[PDB]
RNA sequence: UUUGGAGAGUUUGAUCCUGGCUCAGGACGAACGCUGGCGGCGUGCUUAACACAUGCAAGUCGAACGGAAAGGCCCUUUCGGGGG
């Protein structure tokens, strides 16, 4: 199972001596709802064709996300061509607060409680690319403790670890009610 | 030692960017239109500090005083009234 999107359809036109040889584009985002996120800019004369290209290309170019239960670690600035985005964690029960593009991205990714803001380059393309850049700038605290040699306790505060423990508890609960 | 930000359209054969314009939300001591069962609590000259009829809006003390017009009591009487 995969979640899939269609969040942009423009009607493009190369121009040639006869006239306008139109074509169709699409922007497609895929996400398992758990951390996998993929992106694709498909195009064709046919809208289903472009959509299917976007689907398969997203299924190619996944990217895993440093999540915590249902929310990100830290706020971040993501730069693309000109897409600026200021993501920032929420407190649970808040909602997937964003516009159209980033909302699609994060809802497909699996986020449920997060903030966001577009500050430049309103175009969905660059907006998505900037959001992705931000998600790449993210870091897991485990990998932070790894790269700087210290342990998680000196590396993180206590509230994040509260969240870790409680979310692991809910997850083990869900899985042990499911199978066991 | 913790809490809370959403965008869409628009220049172009088509694109991206800068950049402006417009829209959705909320607030009123409000007014206009259509409609108009009730109750509770609140609220009403933002303009001409323009003019003003009319009536009430700061009086009180006889345990401060001299006194005695109406009130009251008695002396009375013609009941005219007259004295305390």
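Coordinate-derived values only; no laboratory data. FYI the Cβ positions are ideal-geometry reconstructions off the backbone, even for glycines, and counts take in every protein chain you see.
All conditions in (1) touching a strand residue (DSSP E or B) at 6+ places or on another chain (Cβ under 7 Å); (2) under 23 Å from residue A:63 (Cα atoms); (3) in a loop (DSSP other than H, G, I, E, B) hold for residue A:108, with the sole exception of (3). Evaluate the following for residue A:47: is it in contact with a strand residue (DSSP E or B) (Cβ under 9 Å, 6 or more places away or on another chain) and surrounded by fewer than 12 Cβ atoms within 10 Å (Cβ to Cβ)? Against the criterion (in contact with a strand residue (DSSP E or B) (Cβ under 9 Å, 6 or more places away or on another chain) and surrounded by fewer than 12 Cβ atoms within 10 Å (Cβ to Cβ)), residue A:47 does not qualify. Taking the numbered list (1) part of a strand (DSSP E or B); (2) surrounded by fewer than 20 Cβ atoms within 10 Å (Cβ to Cβ) in turn, residue A:91 passes all entries but (1).
Any chance you could count how many residues in the range A:112-140 are in a loop (DSSP other than H, G, I, E, B), away from RNA strand B (no atom under 13 Å from the Cβ) and in contact with a strand residue (DSSP E or B) (Cβ under 7 Å, 6 or more places away or on another chain)?
Number of matching residues: 1.
If the condition is being within 16 Å of RNA strand B (Cβ to nearest atom) and either within 15 Å of residue A:138 (Cβ to Cβ) or outside any loop (DSSP other than H, G, I, E, B) (or both), then the range A:41-68 contributes A:41, A:42, A:43, A:44, A:47, A:50, A:54, A:67, A:68.
For the condition more than 29 Å from residue A:162 (Cβ to Cβ), surrounded by 15 or more Cβ atoms within 10 Å (Cβ to Cβ), touching a residue at least 12 places away in the same chain (Cβ under 8 Å) and under 14 Å from the mean Cα position of the chain (by Cα), what is the one hit in A:124, A:116, A:102?
Being more than 29 Å from residue A:162 (Cβ to Cβ), surrounded by 15 or more Cβ atoms within 10 Å (Cβ to Cβ), touching a residue at least 12 places away in the same chain (Cβ under 8 Å) and under 14 Å from the mean Cα position of the chain (by Cα) holds for just one of A:124, A:116, A:102, which is A:124.
Scanning the range A:1-40 for residues that are closer than 20 Å to residue A:100 by Cα, in a loop (DSSP other than H, G, I, E, B) and away from RNA strand B (no atom under 16 Å from the Cβ) yields A:2, A:32, A:33, A:34, A:35, A:36.
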